[PDB]
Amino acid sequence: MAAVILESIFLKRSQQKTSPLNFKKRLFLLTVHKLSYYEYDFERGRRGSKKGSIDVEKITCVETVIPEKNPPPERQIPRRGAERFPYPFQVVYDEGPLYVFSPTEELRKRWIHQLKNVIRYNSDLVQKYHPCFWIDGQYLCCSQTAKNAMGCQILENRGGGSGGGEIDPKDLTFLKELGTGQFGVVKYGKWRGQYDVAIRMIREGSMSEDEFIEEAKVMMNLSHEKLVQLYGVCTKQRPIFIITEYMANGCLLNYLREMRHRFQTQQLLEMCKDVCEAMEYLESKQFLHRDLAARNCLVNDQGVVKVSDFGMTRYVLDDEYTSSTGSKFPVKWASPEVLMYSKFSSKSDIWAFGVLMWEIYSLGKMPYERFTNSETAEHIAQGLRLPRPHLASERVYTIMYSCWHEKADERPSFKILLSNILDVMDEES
């Protein structure tokens, strides 16, 4: 008994090369599972038989379509403010694009919104799309001769949807606790009892909410297989929620400290590759993490590590964590220029990444265990560096050691570190 999210009568266009285009009226049903269209008995006002359906999980984008240059009377905007259907929108999926015409502009805006609410958790959401129709075996925007051609224009939002990231909490279900972080409790749940999600309940007074909500517009569009995805936010309540991807195995630091796993060195290097891939992607987007550490990484059910809580440090209101000398400040992961002058940059993240590799190959051991936070800050500025873990070969140690140079300009980039890791994987394996 799946809930029907919407119910409307649309003008569905047939999906073809030399075949004729036919438009027919259909009743579309939208659920969390499928998007189906039926025949409609208008005289009896009754839904007819089913003529087709599309898997929700297979939809990659929903957006409007540039109207036709010379449409027929049935699909023209009226000259004077279920007969007319002059407002089209497209649903992109493997089986080419489905084109649906709406009678009113407001109705089209409601379906694109609800459709996005239903596909925002899909893993195949695209960042490009064809803003024009597909006619004569070709696209009118790019002239590609394949319905599965890569999008020719950039979408304003990942997966379409034209805020757009406002998830309604009535469809969320809390099922299990996941602990507490800097912003409060985090729980495991499902959206419409289907898509697994993690719900971050932000304690009031712990986050600069207004500043983050402005950045969530950009973080939502960031997507990488090794990056914990941000789905949306719930900001019409107290406290607000942040819906993100769910990671079953949890924190990486704890994951490394369970001696039962008995990791192989190949597994440890794969963890470094996963993180490096995510940082390289953030590096390409001018995005900084500012707090890279094993504690801030997560592991999924398949043992894949993903970077999480990237850029969230700029909104922490706790001074004990923001101040360079606060008890919560990550002194043991900060570069000398950060502790001395607060000079943050991509190279400061490279330093933390080198410490992250040291944590992975040390199986969650605290760095500079014999030193306190104050003792570490004074000694790392003099030349104190972490030793080579026992499970780390000399070549692997050379990679993490290169991240700890005195001059930030002398440290490698995430693009070079990935090449170094991929090189070791190809030789030491």
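In this text, residue numbers run from 1 along the sequence as written.
Missing residues between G81 and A82 in the deposited sequence, please: none, 1 to 3, 4 to 9, or 10 or more. 10 or more residues are missing.
Can you count, per the entry, how many deposited residues between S162 and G163 come without coordinates? Answer none, 1 to 3, 4 to 9, or 10 or more. Going from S162 to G163, the model skips 10 or more residues of the deposited sequence.
Comparing 393 to 401 with 39 to 47, where is the mean C-alpha B-factor higher? Going by the record's values, the stretch with the higher mean is 39 to 47.
Per the PDB record, is the mean Cα temperature factor higher over 83 to 91 or over 170 to 178? The deposited B-factors put 83 to 91 ahead on the C-alpha mean.
Select one of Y129, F310, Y281, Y121: the residue whose C-alpha shows the highest B-factor in the crystal structure entry. Max CA B-factor in the entry, restricted to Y129, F310, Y281, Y121: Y129.
In terms of recorded Cα temperature factor, pick the maximum from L288, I243, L253, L140. If I rank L288, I243, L253, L140 by C-alpha B-factor, first place goes to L140.
Considering only modelled residues of the same chain, in which third does the CA B-factor of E277 rank: lowest, middle or highest? Ranked within chain, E277 CA B lands in the lowest tercile.
Test of reading the entry: by CA B factor among the chain's modelled residues, which third contains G364? It falls in the bottom third of the chain.
Ranking every modelled residue in this chain by its Cα temperature factor as given in the entry, which third contains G383? Within its chain, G383 is a middle-third residue by C-alpha B-factor, going by the deposited values.
Position of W134 among the chain's modelled residues by C-alpha B-factor, lowest, middle or highest third: For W134, whose C-alpha B-factor we compare with every modelled residue in the chain, the answer is the highest third.
Of the three thirds of its chain by CA temperature factor, lowest, middle or highest, which one includes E214? As the PDB entry reports it, the C-alpha B-factor of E214 lands in the middle third of its chain.
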